[PDB]
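Chains as they are written, first to last, in the entry's author numbering: chain J, 1027 to 1075; chain I, 250 to 299. By construction, the Cβ of each residue, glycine as well, lies at the ideal position given by its N, Cα and C atoms. Worksheet for the structure shown next.
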């Protein structure tokens, strides 16, 4: 998903709990905010890509 | 994926937002946790039978 310009990265229209879930990697340590699809989340975050 | 806090006897078993894993099932089975409190928003998704 490489970019073209250089700068900072922020979260836009990314509400935790609905748009993204907290899945911490156990056996590695380097956790990441796993972005889910439109099927798992409800209508509260379905219209918020 | 429990949208509320599944807790009983003052002990938190499933946090609000965390999905139910196998360890939560083992805790709820070994501790014999049957009765819990649910919010009013959870029943809106259910379908009455009778």
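Put simply, the region 258-266 of chain I does not touch the region 287-297 of chain I. Fewer than three CB pairs are less than 8 angstroms apart. Using a CB distance cut-off of 8 angstroms, residue 259 of chain I does not count as an interface residue toward chain J. Around the beta carbon of residue 1070 of chain J, fewer than 16 other beta carbons sit within 10 angstroms, so the residue counts as exposed.
Here DSSP, grouped into helix, strand and coil, assigns residue 286 of chain I to coil. Check the Cα spacing between residue 1050 of chain J and each of J:1044, J:1041 and J:1060: the tightest is with J:1060. Residue 277 of chain I sits in a helix when the DSSP states are folded into three classes. Among the residues of chain I, those whose CB is under 7 angstroms from the CB of residue 1043 of chain J are 266, following chain order.
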